[PDB]
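Here is the structure we will look at.
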Amino acid sequence: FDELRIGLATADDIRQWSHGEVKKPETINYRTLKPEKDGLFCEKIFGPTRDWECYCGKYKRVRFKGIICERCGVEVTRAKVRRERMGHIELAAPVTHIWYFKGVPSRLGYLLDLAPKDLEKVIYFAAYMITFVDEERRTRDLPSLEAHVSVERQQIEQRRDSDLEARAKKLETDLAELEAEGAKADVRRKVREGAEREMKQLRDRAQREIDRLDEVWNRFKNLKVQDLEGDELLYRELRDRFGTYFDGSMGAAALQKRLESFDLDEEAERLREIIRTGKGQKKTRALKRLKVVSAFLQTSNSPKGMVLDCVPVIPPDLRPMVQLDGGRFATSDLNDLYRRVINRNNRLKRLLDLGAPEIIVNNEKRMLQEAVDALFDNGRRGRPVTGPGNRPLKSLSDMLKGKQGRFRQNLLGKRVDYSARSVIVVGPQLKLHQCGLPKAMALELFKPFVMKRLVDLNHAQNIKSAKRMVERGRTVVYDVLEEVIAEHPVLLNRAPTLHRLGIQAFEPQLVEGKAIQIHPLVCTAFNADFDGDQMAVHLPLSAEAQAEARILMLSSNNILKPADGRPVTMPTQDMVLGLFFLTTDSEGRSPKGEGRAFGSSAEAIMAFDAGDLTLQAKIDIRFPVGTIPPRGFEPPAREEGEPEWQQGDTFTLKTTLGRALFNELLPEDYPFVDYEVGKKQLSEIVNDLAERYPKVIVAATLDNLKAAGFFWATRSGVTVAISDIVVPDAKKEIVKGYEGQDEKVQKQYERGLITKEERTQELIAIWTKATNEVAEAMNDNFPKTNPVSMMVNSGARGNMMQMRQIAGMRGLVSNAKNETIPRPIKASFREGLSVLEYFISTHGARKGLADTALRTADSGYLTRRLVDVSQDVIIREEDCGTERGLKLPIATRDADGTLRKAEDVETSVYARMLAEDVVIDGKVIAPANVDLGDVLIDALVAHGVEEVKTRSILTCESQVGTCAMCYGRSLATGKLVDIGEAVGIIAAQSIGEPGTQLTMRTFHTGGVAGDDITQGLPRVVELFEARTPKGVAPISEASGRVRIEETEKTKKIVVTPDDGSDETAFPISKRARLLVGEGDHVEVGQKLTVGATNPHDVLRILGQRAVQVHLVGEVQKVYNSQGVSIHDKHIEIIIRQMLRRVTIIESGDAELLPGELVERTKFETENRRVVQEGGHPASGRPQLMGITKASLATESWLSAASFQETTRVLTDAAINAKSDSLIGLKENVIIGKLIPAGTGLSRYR
DNA sequence: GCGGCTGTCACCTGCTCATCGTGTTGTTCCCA
DNA sequence: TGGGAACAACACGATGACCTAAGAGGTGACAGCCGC
Ligand SMILES: [Mg+2]
Ligand SMILES: [Zn+2]
Ligand SMILES: [Zn+2]
């Protein structure tokens, strides 16, 4: 399986595939339900329908093996051959392939220069076309032929003059004789009108026919190949008159003749000449056609494969028909399409045999063409061929593309064996690496192992008896299942897998019930809440599979998220509300025994049980040898002449009992903790534990924290009641006064001083003031010991706006058509919304529900594109010896001359290693290529630096893809990135996870358009696709003097640069809110009007580092405006993929074509080669691609076909005859092979 | 020869069932 | 096995002559065809 190539399928190739010809449009006999002969589903050409049988029955006996029968012609062998055996049908009239012609423009042929309409006319027998002209013989006989045409013109004139003499005689005779008769007053004038009618008729008819001959003559004079005679009468005239010099045809026969005669070398030569010297559109068209011409020229596959004379038939078992109950049949649409084409082919053969007129044979040939077109693609041209209902039929190419196609429904994602699912319930008694799975589910998944163990343990004498008893559900079966499930890791999974911590391996323990028991704090990795959610489950089988499961995927190991490195499996909700109650202060908690001193914590809990001490009362507790005091409290160590071993001596601390209990959950070596560990400090402590202590102890500490959090959450006293929702007394008076102001504004509106818009905006301002005032008063009112206050301030569940709506005020809401209701909801949910208030409030609820429903699929599509782009960027190198990096701001924000760590070092500079040693005082503060953790940050910010040079993938220069050292440390594992890490998929998943929760879009229209650039996920797709921003704003090309040349017809802003440069201008709208004044000094890389700068501009005028910085900053802008945190590396992966190609110009020397976005790598190597030969090298404009385009440009065509545009991709791959090498991730899961990543690398293989 | 605009190709998404136009031939049944 | 009758095949070609309803996507990317 070294490679897989596709080209054109000749007639000979199709004949070589086949074993027989399908001649009848018949599938099976409706009565006897058997294959017919030489039809669809036939048994002579395809394989036997029954294993080891033949049609007639002479060799129905199974003994025979591989022989051919002597009566029916069916060989005796297996019945699966019908899946593999193929046939063909010989067409009478050749037809064109609807892919290679009448398709996407770049693949529309262009080998024969013809417009789409001209080919539409030729192919579907509506216009003729010349396949050959004897120009040399035509010119040789042109003296003779023009003399002959002059002779015919003179004969026409001679008989015309004889008829003119006869007309004069007739006129004289009729005039004279009628005048002599005088039967009427105007006999002479009446017959003068008659004779003038005859004379005019002959004049006009003679002119018509001599002009007809002139048209035929000059048409023959100017007659070349690829010339269409739309009118058949004129073609008949030409064939009758000057035949034997030119040859014409209709339909695909003409195209076949041209593709056979036409040679490509000379065409490529002229195309190279014109592209070398071309202007405007003509050059672009020339190079576009040259692409296809060179594709056919370089390769051995001939263009004649683009016209078809034989059609292959897919094996019958891939298009089966089956008896449905009620005497019915369910059959594949392919059978109907094959029947249509065979019907029309046979009717055409009949018509040819009878020598039918041209019209009938032409109609039948056109119909056969349309039939094969529907067979290959039903929807490209005309109306589709519907099947049973009005719905369209399924074409052979419709079975490859689309969401439900073969690639995207059967080769990437498969239904699997040894799998189960069920609802998910919380087991709070589980260890981090444990899952409780129902009894029946465990029995079903582990069946074969259970039978093997039952037989081995002598509970059964044979495997079938073991199966019988397992089905019967005996007790010994259940004991054996308990024995066997041990040491078999089990992969739990949730439906939407937004990242790698969405499938996790657990150790299975056998449990009763009908639901799966899961750990309480792995609910954020899965996003699984217990509201009816379901969990799927899989069982690895091979030793390697389960070894990887336990080592890599085990839930105990997966504690840190890959998106930012913060721990994800940490306590939350009630657990944190319990540890917060444990370590909170004594405020409003009526302490007892405050100020007392205890000789141990055991004595403290004695006092607590006695009821004379509180868990949260300030008391002086002594801690024994081993306890490590707080880091902050150490410098206030006990005063004594002797040197006290603060690290390892008994000490005393004015702590609280709850904190002394909390610090027993953490490991003994951990320093004491003496502050409210609500939610954020717990995250910090868990991060420190993960980054400092080994994983087993971190899991044990997490378990202890879980147990303590639940235990103390039960006793916290947090219980929601209608009194615990405290409506502030402030709300009444505030809402009444602002209501009075609203009344005044309404009165001044109804009096006519203001407009309705002014009244609105005034009331929105008034009620925003009222809402915020009530919010702050509500925050002030409740104590900090309140239930809701406790769960919010502890960071368990809740925000302050939610509390505002519940307790104080709901406020203004999104009116219909995304507006702001002037009058707000002046009532919280506790007080009770009115009727109209509720009706108004449901608007935003509905809108948000619909928005979420759509945004799920939107983010899914975005993640699909990101994965397809970034896939195969795999760490293959331990260390490239580069010394380049990014100059990232290490400690900026010198507001009042104070060096402060930047506000986003966690996402940007953290985890990125160091290019080289940093020295500010003549000594190495940070050694080279060392993990850049917080300690180095404190050192460098203290010593005053404002930048740092970090290794990165963007600046990585390695022979084999990316290297571990430049990427940094894996944000998921903490340690250095391991070689073989599928970093691209990790980056794509990291950017895709928060996509659903962005929720950034305009709340109200606000009477603004264009200025409001797209917000949220639309913005992210806009940046990642390289699409020009909606609110585009030009960016100055060079430093210069900029002024306004506004014209009433069209406003303009014109900048002329200094340094003797050419002027530039930008057309701008009237509503521009210009951020640059007139006649001012702009610089090389500055904006002009308010908007969104194009990434293309920033790549063009500034450079490549500038576009990288701009894109990363612009995506992080929205991401960190939400609060989502993604490391900059995950964006940098996509940015690196987007800038890997260059558009080439001045390319005749470098031996390639201008354009074609040659790869940067390719451009460089071939310029090196041409310079080595001696010729100068070509030049390159850096190009910023999109994600769809950058993915579709893959060297491997399997991946491109799998992603999108299967028809176009496969057609181009066939034209180019380009093979696919196995290297890649996607294209190695299509073939079903070990991926070139993780432990599948040849090093580990 | 070079623009607009104007379509056309990509993507994103999901159990009932109505007749002719005549007349004849040969097999294959159904009854007895 | 006789007649009595059901389907699958066939061969011809009854003085008169035309659909049908269904049917609101949206957004990019682009290359033609038509206009200057
Ligand atoms: Mg749920
Ligand atoms: Zn046989
Ligand atoms: Zn590197």
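Labeling convention for the structure tokens: chains A, B, ... as they appear, residues from 1 per chain, ligands from 1 in order of appearance.
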
10 Å contact set for range 12-22 of chain C, only C-alpha atoms (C1' of nucleotides), chain neighbours under 5 positions out, as a JSON list (two decimals) with N, CA and C atoms (P, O5', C5', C4', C3', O3' and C1' of nucleotides), in the first residue's frame:
```json
[["chain", "number", "residue", "atom", "x", "y", "z"],
["A", 390, "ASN", "N", -41.27, 12.14, -5.53],
["A", 390, "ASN", "CA", -40.78, 13.30, -6.25],
["A", 390, "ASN", "C", -39.31, 13.57, -5.98],
["B", 21, "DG", "P", -58.00, 3.80, -22.77],
["B", 21, "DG", "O5'", -57.55, 2.86, -23.98],
["B", 21, "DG", "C5'", -58.39, 2.72, -25.12],
["B", 21, "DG", "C4'", -58.36, 1.30, -25.64],
["B", 21, "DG", "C3'", -58.73, 0.22, -24.61],
["B", 21, "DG", "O3'", -60.16, -0.08, -24.57],
["B", 21, "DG", "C1'", -56.97, -0.45, -26.13],
["B", 22, "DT", "P", -61.07, -0.27, -25.91],
["B", 22, "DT", "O5'", -60.25, -1.30, -26.80],
["B", 22, "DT", "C5'", -60.39, -2.72, -26.58],
["B", 22, "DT", "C4'", -60.23, -3.47, -27.88],
["B", 22, "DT", "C3'", -60.68, -4.93, -27.80],
["B", 22, "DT", "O3'", -61.44, -5.32, -28.96],
["B", 22, "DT", "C1'", -58.39, -4.84, -28.43],
["B", 23, "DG", "P", -62.32, -6.67, -28.95],
["B", 23, "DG", "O5'", -61.29, -7.79, -29.43],
["B", 23, "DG", "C5'", -60.69, -7.69, -30.71],
["B", 23, "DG", "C4'", -59.53, -8.66, -30.85],
["B", 23, "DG", "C3'", -59.81, -10.07, -30.31],
["B", 23, "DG", "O3'", -59.83, -11.02, -31.38],
["B", 23, "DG", "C1'", -57.64, -9.28, -29.67]]
```

Determine which residues of chain A sit within 10 Å of chain C, taking into account only C-alpha atoms (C1' of nucleotides), and present them as a short mmCIF file (atom, residue, chain, number, x, y, z; two decimals) with C-alpha atoms, in the first residue's frame.
```cif
data_model
loop_
_atom_site.label_atom_id
_atom_site.label_comp_id
_atom_site.auth_asym_id
_atom_site.auth_seq_id
_atom_site.Cartn_x
_atom_site.Cartn_y
_atom_site.Cartn_z
CA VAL A 104 -16.56 23.16 -12.79
CA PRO A 105 -14.74 25.76 -14.96
CA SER A 106 -11.08 24.95 -14.28
CA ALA A 115 -17.48 28.23 -24.71
CA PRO A 116 -19.92 26.37 -22.43
CA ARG A 285 -7.32 32.72 -19.67
CA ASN A 390 -40.78 13.30 -6.25
CA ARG A 1027 -12.05 36.77 3.88
#
```

**OP:** Let me have all residues with an atom within 12 Å of ligand 3, counting only C-alpha atoms (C1' of nucleotides) and all ligand atoms, laid out as a ChimeraX atom specification.
**Re:** /A:875-885,912-915,929,950-968,977

Sorted per-residue table, chain B near chain A, closest atoms and distance, 9 Å, only C-alpha atoms (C1' of nucleotides), as JSON lines:
```
{"residue": "B:1", "atom": "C1'", "partner": "A:280", "partner_atom": "CA", "distance": 8.0}
{"residue": "B:2", "atom": "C1'", "partner": "A:280", "partner_atom": "CA", "distance": 7.5}
{"residue": "B:9", "atom": "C1'", "partner": "A:104", "partner_atom": "CA", "distance": 6.8}
{"residue": "B:10", "atom": "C1'", "partner": "A:1205", "partner_atom": "CA", "distance": 6.9}
{"residue": "B:11", "atom": "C1'", "partner": "A:1204", "partner_atom": "CA", "distance": 8.4}
{"residue": "B:12", "atom": "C1'", "partner": "A:861", "partner_atom": "CA", "distance": 8.1}
{"residue": "B:13", "atom": "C1'", "partner": "A:857", "partner_atom": "CA", "distance": 8.7}
```

Deliver the residues from the most recent selection as a file, using C-alpha atoms (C1' of nucleotides), as a short mmCIF file (atom, residue, chain, number, x, y, z; two decimals), in the first residue's frame.
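Ended up saving to again-v9.cif:
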```cif
data_model
loop_
_atom_site.label_atom_id
_atom_site.label_comp_id
_atom_site.auth_asym_id
_atom_site.auth_seq_id
_atom_site.Cartn_x
_atom_site.Cartn_y
_atom_site.Cartn_z
"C1'" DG B 1 -9.45 44.96 -24.69
"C1'" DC B 2 -11.27 45.62 -19.85
"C1'" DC B 9 -20.93 25.92 -8.40
"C1'" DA B 10 -19.43 24.98 -3.49
"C1'" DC B 11 -20.73 24.67 2.07
"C1'" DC B 12 -24.41 24.63 5.64
"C1'" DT B 13 -28.93 21.54 7.39
#
```

Subject >> Test item: residues lying within 7 Å of ligand 2 with only C-alpha atoms (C1' of nucleotides) and all ligand atoms, as a list in words >> reply: residues 54, 55, 56, 57, 58, 59, 69, 70, 71, 72, 73 and 74 of chain A

Subject >> strand (DSSP E or B) per DSSP on the backbone: members of range 643-883 of chain A, as a ChimeraX atom specification >> reply: /A:651-656,811,814-815,819-820,825,874-877

**OP:** Just give me the gap between CA of residue 1015 in chain A and CA of residue 1070 in chain A in Å, one decimal is fine.
**Re:** 23.5 Å

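Note that CA of residue 1228 in chain A and CA of residue 394 in chain A are 28.1 Å apart.
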
Original post:
Which residues form the shell of 8 Å around ligand 1 when you count only C-alpha atoms (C1' of nucleotides) and all ligand atoms, given as a ChimeraX atom specification?
Top reply: /A:528-533

May I have the selected residues written with N, CA, C and O atoms, as a tab-separated table (two decimals), in the first residue's frame?
```tsv
chain	number	residue	atom	x	y	z
A	528	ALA	N	-20.71	16.86	30.96
A	528	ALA	CA	-21.86	16.02	31.29
A	528	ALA	C	-22.55	16.34	32.60
A	528	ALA	O	-22.05	15.99	33.66
A	529	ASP	N	-23.71	16.97	32.54
A	529	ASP	CA	-24.49	17.21	33.76
A	529	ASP	C	-25.54	16.12	33.87
A	529	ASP	O	-25.93	15.56	32.85
A	530	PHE	N	-25.99	15.83	35.08
A	530	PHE	CA	-26.93	14.72	35.28
A	530	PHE	C	-28.37	15.21	35.15
A	530	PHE	O	-29.08	15.34	36.14
A	531	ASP	N	-28.79	15.47	33.91
A	531	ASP	CA	-30.13	15.95	33.64
A	531	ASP	C	-30.73	15.06	32.57
A	531	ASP	O	-31.59	15.49	31.81
A	532	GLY	N	-30.27	13.81	32.51
A	532	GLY	CA	-30.74	12.89	31.49
A	532	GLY	C	-29.71	12.67	30.40
A	532	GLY	O	-30.00	12.03	29.39
A	533	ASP	N	-28.50	13.19	30.60
A	533	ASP	CA	-27.43	13.00	29.63
A	533	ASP	C	-27.11	11.54	29.48
A	533	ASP	O	-27.41	10.75	30.37
```

**OP:** Using DSSP on the backbone coordinates, identify all residues within range 201-449 of chain A classified as alpha helix (DSSP H); present the result as a PyMOL selection string.
**Re:** chain A and resi 201-221+232-242+252-261+264-276+281-298+333-354+358-376+406+439-445+447-449

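What separates CA of residue 296 in chain A from CA of residue 262 in chain A is a distance of 12.1 Å.
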
Subject >> Neighbour list for range 782-795 of chain A as a VMD selection string, cut-off 10 Å, only C-alpha atoms (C1' of nucleotides), skip fewer than 2 positions in-chain >> reply: chain A and resid 572 to 574 576 to 581 584 to 589 676 to 680 716 to 721 724 to 728 777 to 780 797 to 800 803

**OP:** Find the spatial neighbours of residue 618 in chain A, counting only C-alpha atoms (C1' of nucleotides), within a cut-off of 12 Å - ignore same-chain residues fewer than 2 positions away - and output them as a PyMOL selection string.
**Re:** chain A and resi 583-587+589-598+604+613-616+620-621+653-660+674

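Residues lying within 12 Å of residue 4 in chain B, counting only C-alpha atoms (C1' of nucleotides) and ignoring same-chain neighbours fewer than 2 positions away, are residues 2 and 6 of chain B; 32, 33, 34, 35 and 36 of chain C.
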
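By only C-alpha atoms (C1' of nucleotides), and with residues fewer than 4 positions from residue 1085 in chain A along its chain excluded, the set lying at most 10 Å from it is residues 1035, 1036, 1037, 1038, 1039, 1097, 1098, 1100, 1101, 1102, 1103 and 1106 of chain A.
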
**OP:** Extract, using only C-alpha atoms (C1' of nucleotides), all DNA, RNA and protein residues at most 9 Å from range 25-29 of chain B, discarding same-chain residues fewer than 2 positions from it, and format them as a VMD selection string.
**Re:** chain C and resid 5 to 10

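Considering the residues A:112, A:851, A:250, A:242 and counting only C-alpha atoms, residue 268 in chain A has its shortest atom-to-atom contact with A:112.
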